[PDB]
């Protein structure tokens, strides 16, 4: 039985009216419905969407179980976290439009019931939910393991995913050690090439008459602070004052930390928030929270984003929030994606403590022409293409990307495979490590092994050019885009990517 694209949302609304928790998600969908429907039709017109098998898909939202104790549903409308719920909403909508057979679960009862009656070919779950899956199913949970796609915002690096290696390194993460293929982890932003980038869609309501008259609509000296709760505002006053010299400063806050001059609007409904963004020249980052959606929404509406620079980068080594996350990734700014893949004039990444630099950025932004912008990968059509490619082409059970995409590179000592790929405008592709892990295979890529040994280490395969000595991976679950060798070179698998669609190679569709 073959999937048919859907262009009507009534079945979806009915499925989401089954739990109150889904209420917030259901409303965002309704606001974005016409965009979604334009996008599935446009994709079907550009690319052949026929001949897809209709999948039975479990979607288990562990974060919405009582049993998790997360209280996300509870605070959804009153200024709590929404990033995750944005992502889930967009994933469900995508699956529905592509014509799959979605069974949504927010409870142990439903999880048990859907798995109970068989058929399931694909499972979207979070880490909290994955623990529940293992516990509910007992030992046969491993039978489903290759169908798992695990929503994990900040990402999982190989050294935390391999249970035995993580313990040999003393890592106490409660989040790691599932022993999956790390490409099964689905992230919020393309920051972890050991994982896959899932993302979400950036909500925007600018017609092309809004964009032509955007200069009438936007008040040139209006800034808005990013930061829904009071805590995030501690010790920002110098920064805010420099901004307040040039611009009014507005906030949407659910207050001891906020100066008297700030103009508060409270927490706004999605529509009202979108209008406030459309009238705003400058969205002001305070440092927290890390890697959320809100800055991209502002950029889509023509705001510049002032992005706090982190020198040293923040990570588990230096920031409590990061301790125990199953990754050693370092953030160079509040929103590294915004910093690296968007940049000026939309994104000004600045040292909050450099008054001169802050002042120059504010005066610059004040003087910039308004240019609303969205990377393609965060549109409806671009997210549909990405997830459609993943469902049709990612298989961890029984060759994608195809070998023709492989471009081998040598990281220097002190540089990771992530880095050397990125420096040549490529991205690391962990599925190709298996093709560069033997004497023969090396010769090809213009490195000669005068002696090899095996090792079980994330930093290998490695090459010493002085000694012509090669080390190969002994444990194939330890292949790792993350990690730099302190003294040797790494042999690194890179691939190309489509403009504005970093998850997909040119030949991947």
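Positions refer to the first chain, counted from 1.
According to the record, 1 to 3 deposited residues between residue 254 and residue 255 are left without atomic coordinates.
Where residue 398 is followed by residue 399 in the displayed chain, the model omits 1 to 3 of the deposited residues that sit between the two.
For the segment pair 288-296 and 212-220, the entry gives 212-220 the higher mean B-factor, averaged over Cα atoms.
Averaged over CA atoms, B-factors in the entry run higher in 235-243 than in the other of 193-201 and 235-243. Across 443, 482, 460, 40, the entry's maximum B-factor at the CA atom is seen for 443.
Based on the entry's C-alpha B-factors, the most elevated value among 172, 228, 162, 325 belongs to 228. Among all modelled residues in its chain, residue 5 ranks in the middle third by Cα B-factor.
Looking at the C-alpha B-factors along this chain, the one for residue 475 belongs to the lowest third. Sort the chain's modelled residues by C-alpha temperature factor and residue 394 lands in the lowest third, per the entry. Residue 265 sits in the highest third of its chain by CA B factor, as recorded in the PDB entry. Ranked within its chain, residue 83 lands in the middle third, by CA B factor from the PDB record.
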